[PDB]
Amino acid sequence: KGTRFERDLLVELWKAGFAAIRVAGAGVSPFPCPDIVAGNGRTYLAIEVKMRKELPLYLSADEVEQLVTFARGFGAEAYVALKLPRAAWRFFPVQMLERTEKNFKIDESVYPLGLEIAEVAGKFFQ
């Protein structure tokens, strides 16, 4: 299911004009790395991919820090892509995430602010 959904996201990214790839060993890697990397020549994305049955999404500080470090080194924008059962993929720039004392979270107050993929690509033209 998950790889179907992560491939699902890759397919959506390509339909949106990105060339995108899933990262191999994105878990057991010594280096900072996202789950997906995408680019269209203008916009470059480093994406951590999450699926939840319901809100909220919690992420660790480490996972987010590693994402940001990768994105800064690569020359990409750091995003969390979150899928809920009935929803299309929704994209959250890291700044949109809410801080708890220890973790980061997307709950119901933030989820509606998330972006569709076309909005992510459109930011370049403002």
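Residue positions are given as counts along the sequence shown, with the first one as 1.
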82 to 90 versus 95 to 103: which one carries the higher mean Cα B factor per the record?
-> 95 to 103
Which is higher on average in the deposited entry, the C-alpha temperature factors of 6 to 14 or of 21 to 29?
-> 21 to 29
Pull the Cα B-factor of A118 out of the PDB entry and bin it into the chain's lowest, middle or highest third.
-> highest
Among all modelled residues of this chain, ranked by Cα B factor, put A61 in the bottom, middle or top third, i.e. lowest, middle or highest.
-> highest
Relative to the other modelled residues in the chain, which third contains the C-alpha temperature factor of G73: lowest, middle or highest?
-> middle
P34: CA temperature factor from the record, placed by chain third, in the middle
